[PDB]
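One structure below.
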Ligand SMILES: Nc1ncnc2c1ncn2[C@@H]1O[C@H](COP(=O)(O)OP(=O)(O)O)[C@@H](O)[C@H]1O
Ligand SMILES: Nc1ncnc2c1ncn2[C@@H]1O[C@H](COP(=O)(O)OP(=O)(O)O)[C@@H](O)[C@H]1O
Ligand SMILES: Nc1ncnc2c1ncn2[C@@H]1O[C@H](COP(=O)(O)OP(=O)(O)O)[C@@H](O)[C@H]1O
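Chains as they are written, first to last, in the entry's author numbering: chain D, 2 to 61, 66 to 154, 174 to 483; chain E, 2 to 456; chain H, 2 to 456; chain F, 2 to 456.
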């Protein structure tokens with residue numbers, strides 16, 4: 002049903018033009034600069050939305070894929086205008102599309118250096134893009150269940185999620201400012217610590233202030249934000265119904281198991297090498313770096329200077345097993361890994377007792393073979409996209425090991441990959457920068473929503 | 002806030018109608034296939050549980066949630082559910098669906114207020130049977146739909162060769178009852194529609210659609226009942242509870258021959274049914290119908306389990322000489338397709354219950370709310386919302402509205418008074434307009450016409 | 002006045018033991034099964050028509066008519082069934098069956114309030130399982146029945162190799178509890194009975210019959226529970242509503258392997274049943290049983306629909322190495338025939354309730370009142386009627402009575418006290434004497450022995 | 002290189018006894034279940050395909066198949082397949098299975114002369130199964146098995162109360178035919194074995210096993226036929242394709258009462274069957290058997306589809322008074338367990354065909370080869386391989402062999418002569434020894450006795 006979509010695309014980037022005012026208001030609040038680009042982009046986008054809101058009075066499965074693909078592509082290209090117009094960070098069109106997509110696609114990747122000495126309006130709009138894509142991620146993931154992903177109301181949960189998503193970012197900006205954080209930096213870092221983005225207004229994501237409390241609070245609200253928000257709904261609906269409503273969800277149990285194991289192995293390894301002089305410091309930095317990278321957030325508190333290269337490599341692989349399915353996160357949500365383990369156990373039991381009926385039981389209920397087949401179709405598509413992205417970056421002359429790290433960082437919706445891409449995506453080849461944008465789009469779209477568009481059988 | 006028990010097949014359609022302003026619906030279906038289908042309807046919340054168990058009931062019960070509509074396939078379970086509900090949680094608006102019917106005989110004894118069963122209103126599937134009887138009572142009554150809480154009623158009648166409609170110009174029909182204010186919506190002839198005004202009603206099965214207040218409709222249909230020669234012989238082809246109960250209710254006034262495919266069912270019927278010649282054969286074979294005076298039967302009613310068997314047997318009995326043909330269609334895709342000309346009327350039992358229960362609904366009150374029909378035509382009941390100029394249609398005159406093609410305004414219900422649409426009339430705020438489309442793909446265009454400038 | 006209702010899986014059997022009251026008995030089943038079967042195998046009354054329409058119920062009378070039995074497969078119908086009777090017909094003593102069991106879960110707070118409709122008295126057919134659980138405990142406890150209002154209890158125990166009974170002479174069993182006054186009735190060995198005083202119990206599947214006061218039985222069975230190592234492996238071959246709920250009740254304490262032939266049912270079980278390994282195959286093929294450690298299973302329970310499949314599969318699991326074998330027999334002719342030695346215990350859902358209820362039922366005092374078991378054996382509770390000399394047996398001593406062959410008197414109940422009837426049998430007896438036959442075809446002669454000279 | 006083409010039930014058993022000994026095996030799975038079990042075993046080559054599309058045949062046999070075995074459920078397809086084998090990819094020693102009676106009766110002579118090349122054997126699974134009639138013909142013929150190539154035959158007879166064998170000492174039976182050289186292998190009494198020499202056979206019904214040359218067996222069985230009073234009345238509880246044709250074959254000489262559960266089948270039988278009173282009821286209910294003189298019937302034949310129904314009905318007719326009881330067991334696991342004690346003879350039609358074909362055509366030479374039978378006993382036909390001292394058993398005397406417990410040597414076949422085994426006899430290399438085990442779990446040890454010193 003082609004040509005009935007432009008109406009929504011126009012109304013959507015009109016909403017995004019309206020979203021442009023809040024950072025513009027912050028620009029007029031204190032005039033660091035960049036006020037003109039914001040207003041210019043607002044008008045250009047509302048005008049484009051009206052041009053695309055002319056085919057009206059037209060409304061009638067294959068369309069929804071092209072809806073969400075444009076909800077990320079169109080909105081990223083719309084968000085790529087403020088960087089294009091402004092003067093203080095004068096960056097190429099490619100770096101602008103990159104920064105806009107990564108801000109919106111929740112991948113913490115950045116291509117602008119000198120964030121500290123930058124107009125407070127722009128580096129606010131960056132965190133606001135992360136917060137926006139946080140809502141987009143949460144709303145889309147829980148409000149569209151055709152691919153991957174008692175039944176309550178549609179809209180009442182569409183607003184209960186927004187209520188959790190705001191009662192969290194408020195309490196987190198509050199705890200940050202209570203820990204000695206600029207209220208500006210507190211809002212800008214709650215926009216990005218709940219959306220699991222990985223962005224900061226400083227070149228050192230979480231090294232600008234080394235307060236222990238800031239690290240522990242970021243860890244806490246990362247664990248809170250990686251958990252299935254449908255499960256927080258159980259803590260929201262009719263108040264605090266249980267404090268162990270969480271522990272029933274075996275996805276939560278596997279998530280805490282993974283986080284604790286990866287933590288204590290990173291801590292023991294960080295002590296075998298005496299990488300930090302004080303174990304009270306090694307504990308902090310280990311827990312924070314595991315919770316940051318395992319949760320595909322992208323925050324960094326250290327430069328890996330004394331760290332043995334194994335620990336950053338382990339964190340990159342840990343990024344593969346990201347957040348839970350019902351929350352912001354990277355690819356291969358902890359539930360697909362719990363399913364993989366459970367199926368290995370099932371196949372083991374089908375060898376001792378062959379003529380027995382075993383079914384993949386998650387939290388007491390059995391799973392239809394369509395879902396369990398989809399989880400492994402997803403593993404296959406993920407792998408066969410990873411390899412193509414890596415070979416694409418390598419083809420453009422990018423460093424190979426660095427290519428594999430940049431791919432595993434972007435397809436995982438993890439902003440920083442170790443290697444040549446340790447703290448900036450600046451000197452990356454330009455074609456590799458476009459292929460990287462494609463990779464982050466893949467990682468957000470769960471490798472299926474976008475690949476289908478490429479398939480000939482679709483068209 | 003409404004709770005229903007969509008254990009029965011019908012419930013889903015009722016759920017579709019109810020959704021709207023200040024309405025919250027909960028489905029307590031026994032199993033999830035029907036659930037997946039029903040879930041697609043927008044703005045719904047479903048819980049999976051047995052109908053009558055207190056766990057689901059407590060969710061309903063703890064907050065009274067206004068009306069509880071207990072519609073279930075099994076009657077004893079529906080009654081037990083409605084009672085466990087009330088005497089656990091009061092739920093004073095409770096309703097029940099019993100296809101008992103024997104219980105319907107003693108409904109004044111067990112059900113009355115203060116008793117343990119605690120049933121307030123009973124909705125049965127018997128109405129389709131009564132509706133079919135009404136269809137057989139009026140010789141040319143192809144269809145009736147009701148708008149604005151039964152204030153205005155649209156009727157679709159058929160002109161049979163030798164009837165009183167045949168050969169008479171529409172102006173003579175208008176002059177035969179000078180005290181009746183009716184408005185002919187459209188006239189379908191040989192499948193194609195026609196603009197009707199002062200025109201001779203061609204005998205080839207012209208279908209005429211009246212739109213008027215229910216008092217006038219009840220008068221013109223009774224007059225057509227008096228004029229048209231009543232049907233004498235009637236034939237039915239299914240053995241079910243509907244075929245049986247319809248033969249029972251009709252046999253006293255007409256000569257009924259019933260057909261059955263299950264020999265044991267035929268044997269069990271012939272005992273129960275007196276004055277009804279009960280046969281044993283497929284509704285398909287001509288060798289039985291011709292052998293049974295198919296050329297002389299007046300109305301051929303098909304109440305088989307299978308819809309396609311109804312359609313085909315009745316399409317064969319229409320060719321062989323039946324005057325009026327009726328079927329029982331359980332698939333809306335079929336009823337929108339076959340009810341045209343070759344099959345005089347298809348009776349969806351879901352819409353058969355809904356029309357009766359929905360008529361009581363205080364108001365549909367949606368920018369466009371349609372009543373599903375034979376096809377490919379539609380009759381909707383638009384509501385005029387908006388200020389004098391913020392809406393396309395409020396404050397202006399009927400002759401000045403740019404209605405979609407084939408769209409004909411039939412009547413306007415203002416408050417509690419009904420006036421039939423002359424081109425002079427002007428539409429006001431919150432006025433119900435009863436309309437008639439000839440091509441239903443223009444339903445959205447009418448909504449856009451009635452949708453004001455968005456706030 | 003007694004009524005029961007149709008159709009009744011068990012109810013028919015509830016209609017044979019309960020007819021012993023002098024007052025009028027009536028049984029009305031559902032339709033032909035109740036009438037035809039009912040008339041042919043039954044004695045004084047009945048009835049017809051589907052349930053639960055009120056028209057069939059008034060035949061019960063309900064003018065201070067004392068007994069109402071609502072035997073029903075489905076609960077939701079049963080509650081309404083009993084209610085229509087009370088409201089329309091007002092029957093005073095009401096009883097009900099609920100297998101909901103969520104209602105069975107909440108009925109102790111709901112039904113013990115008086116608000117509930119009409120069925121305070123309850124009877125569940127699915128609480129026979131608890132008896133299977135008792136059988137799984139108290140290892141080697143084949144059966145127990147109670148006479149004289151549960152005053153005296155006969156018990157049939159099995160001696161397993163490695164148990165505490167092997168090798169020990171009956172005198173050592175008598176000395177192990179010098180405070181228990183029990184009476185060894187008979188000992189069946191390889192099917193043939195044996196004189197038991199002072200003999201060494203042969204380990205291979207000896208069946209020993211105790212008769213003692215309920216306190217003594219409750220103490221010796223707990224002592225045997227303490228000595229014998231409890232069961233740890235249980236295998237079930239039925240997916241039925243009984244098998245499932247038994248697996249639920251057992252899975253937490255034992256390791257359960259369950260078998261089903263219908264794949265979809267097996268899948269539904271593996272979803273519902275946690276900690277229970279649920280299989281998909283015939284209970285007949287050895288290629289699955291041997292492959293699944295049939296030689297190591299402790300208790301093999303057969304709960305299939307068909308009795309012959311239970312009997313054959315369980316005789317095969319008995320041959321292969323199962324220690325205790327249990328089956329579900331729906332035909333008393335089978336339980337009287339196959340179940341000795343090869344099949345340790347069959348759970349007749351009819352006799353499982355009947356044995357307890359008849360004992361609790363008044364008065365059960367006739368010249369002969371028979372509680373029947375498996376085999377040619379018999380356990381009777383004869384009543385000595387007549388004056389000091391008008392009866393063959395009153396006032397005289399058991400050693401002087403010409404009792405039939407193999408017949409052994411176990412205990413004598415007067416009032417509230419029980420005597421073991423050792424030697425001379427000093428007695429008061431107007432009063433109730435508990436006996437034990439080895440061949441039950443001598444039941445009438447004992448009636449003749451206790452029947453006084455007819456006037 | 003032998004090819005077997007069977008989707009039928011019997012072929013699987015034909016895949017173990019006759020193939021795998023010094024020859025290559027190929028089977029046709031026909032896209033069925035049986036192919037999976039043999040493939041799991043892994044000593045087999047199989048091709049899946051329709052019988053007989055040339056594509057399957059060409060791989061199966063391409064003018065090099067040698068022996069052909071066509072086993073099919075349906076006759077017309079089996080015939081077309083057997084001829085397709087000849088004309089295309091011509092094969093030799095082809096065989097067909099025609100279960101249809103009409104073709105079998107009119108086989109002469111165009112079908113084998115003939116355009117359809119159904120060369121040589123035409124094995125019908127029915128006429129060989131009507132050997133059940135011969136079991137009624139020879140009263141007290143619980144079983145007969147054939148060793149070597151129909152040279153020495155073991156027979157299991159039963160001594161009935163009132164028969165001619167009761168009370169007579171085994172030495173008198175041995176002296177009653179001084180010209181018959183037979184050897185009683187073992188004697189089962191009340192389930193326990195006994196050493197048989199000069200011991201009076203107890204009336205309670207013993208099972209005596211003869212082992213002798215076929216001439217002696219044919220003479221002693223005819224003499225026992227003369228002595229035992231023939232069975233006048235026969236009863237059958239299966240309305241199947243076997244039961245019908247058995248009633249036809251028996252009705253002329255005996256009074257046959259047949260039972261069926263499907264009314265329409267019973268009616269079709271009562272039409273087809275003359276002189277045979279055909280009933281309509283379950284083989285389980287006593288109210289029909291007692292009503293039909295079950296206490297006076299001689300032979301109770303159970304030919305139901307279900308094995309467990311046969312077993313249970315026949316255990317009930319045995320309890321009620323039937324002299325000889327026979328069942329139709331389609332599950333090898335059941336027949337061993339049930340055949341011993343309360344079912345006089347169980348006739349698995351698979352072993353019924355196998356025994357005839359295997360004993361006739363195939364000379365079993367697989368070290369110790371065995372015949373499946375009744376009870377825990379086994380009867381094997383070991384082959385003595387090795388020189389005077391490399392083997393444990395060649396060259397030595399029977400009295401000096403350390404045979405497993407219960408193992409009794411019955412006869413020794415030397416080439417073309419048969420010897421009744423004595424402890425003083427000498428064993429020669431490559432001589433067939435016909436044996437008899439009482440407990441078959443010692444079958445493997447006998448293999449160790451006959452296995453020569455490994456090279
Ligand atoms: N080809 C046929 N011709 C006539 N009657 C038919 C034919 N096929 C089915 N029927 C009737 O339809 C009945 C099934 O109707 P159904 O709607 O299932 O019954 P119910 O009224 O209980 O819902 C069958 O019992 C049979 O009598
Ligand atoms: N060997 C077997 N033969 C037949 N049925 C079996 C066997 N093993 C298990 N079953 C199962 O027994 C179950 C019957 O349980 P039950 O609840 O009595 O049936 P129903 O619900 O019809 O009463 C069915 O699942 C049946 O498949
Ligand atoms: N309980 C029973 N009592 C008597 N006959 C039975 C019983 N159950 C099944 N039968 C009979 O079993 C027979 C089926 O065998 P048949 O049709 O010859 O081939 P198949 O064994 O393949 O069905 C039928 O005659 C059926 O009536």
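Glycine included, C-beta positions come from ideal geometry on N, C-alpha and C.
If you measure beta-carbon to beta-carbon, which residues of the stretch 277-305 of chain H are closer than 8 angstroms to chain D? 278, 279, 280, 281, 282, 289, 292, 293
Pairwise C-alpha distance: residue 193/E and residue 375/E: 14 angstroms
Find the residues of chain D that neighbour residue 47/E, judging by a C-beta separation of less than 8 angstroms, and give them in chain order. 174, 175
The alpha helix (DSSP H) that contains residue 446/E, what's its start and end? 444-451
Where residue 411/E sits in the DSSP three-state scheme: strand
Looking at residue 50/F and residue 74/F, is the spacing between their C-beta atoms short of 9 angstroms? no
Which residues share a DSSP beta bridge with residue 147/H? 154/H
Which whole runs of the alpha helix (DSSP H) in the stretch 329-380 of chain E are 4 residues long or more, in chain order? 333-339, 350-360
Would DSSP call residue 389/D helix, strand or coil? strand
Contacting positions in the stretch 331-343 of chain F - beta carbon closer than 8 angstroms to chain H: 332, 334, 335, 338, 339
Among the candidates 249/H, 187/H, 451/H, whose CA atom is the shortest distance from the CA of residue 382/H? 451/H
Can you tell me which of the three DSSP states residue 17/E falls into? helix
If contact is defined by three or more beta carbon pairs under 8 angstroms, each pair taking one atom from either stretch, is the stretch 55-62 of chain H in contact with the stretch 110-126 of chain H? no
Going by DSSP in three states, residue 307/E sits in which element: helix, strand or coil? coil
Which residue from 377/H, 98/H, 444/H puts its Cα closest to that of residue 6/H? 98/H
Cβ closer than 9 angstroms: which chain E residues qualify as neighbours of residue 178/D? 43, 44, 45, 46
From which residue to which residue does the alpha helix (DSSP H) around residue 61/F run? 55-61
Please look up how many angstroms separate the CB atoms of residue 260/D and residue 143/D, rounded, as I've assumed it's under 8 angstroms. That pair is no contact at about 14 angstroms.
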